[PDB]
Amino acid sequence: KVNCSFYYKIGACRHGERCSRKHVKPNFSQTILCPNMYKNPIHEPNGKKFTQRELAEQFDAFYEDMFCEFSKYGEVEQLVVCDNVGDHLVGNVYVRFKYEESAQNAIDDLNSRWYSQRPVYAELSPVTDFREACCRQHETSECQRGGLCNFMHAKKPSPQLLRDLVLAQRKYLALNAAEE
């Protein structure tokens, strides 16, 4: 009868449906979750053959592929990719759209699609504030809790790439608004 703080704040709970507390999915939201969408190369058979520079380029490519695609459903305000170790968060991709209608259009389309040879899972998410949701250790220092951590470990792309994507979307949005 007490709200599950972790489900509502982080959009994910280590207990799943076994949680003693309340998880209710919203029927409308600005935010979606694609659980376990991001597969970090490090944890794959090939993964240790890659240099740090190769890994950074691979992640920028992933982040770009995500942001560009989600933009087609509507204005993207923020995109977060979780690099947590714990099952409830590992590889979670969260997207906050400007409009709730964008989020609904997104999950309906995404749930019929594939990504890198796996079918895509997408749902509306209760998360409203990525600042609250993100692990402040993983930001400031290193978080050393591993799977024990209940907060998002946001993996960030090159700052120049993010600025460029934001600009590209602004242009796209302006060109669309100029159609009337």
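The first residue of the sequence shown is number 1, and the count goes up from there.
On average the C-alpha atoms of 12-20 have higher B-factors than those of the other stretch, with 155-163 and 12-20 being the two compared. With 26-34 and 139-147 compared on mean CA B-factor from the PDB entry, the stretch scoring higher is 139-147. For the set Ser116, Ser112, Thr51, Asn40, the maximum C-alpha B-factor listed in the entry falls on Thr51. When the modelled residues of the chain are ordered by C-alpha B-factor, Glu75 sits in the middle third. When the modelled residues of the chain are ordered by C-alpha B-factor, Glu57 sits in the middle third. Ranked by Cα temperature factor within the chain, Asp83 sits in the lowest third according to the deposited record.
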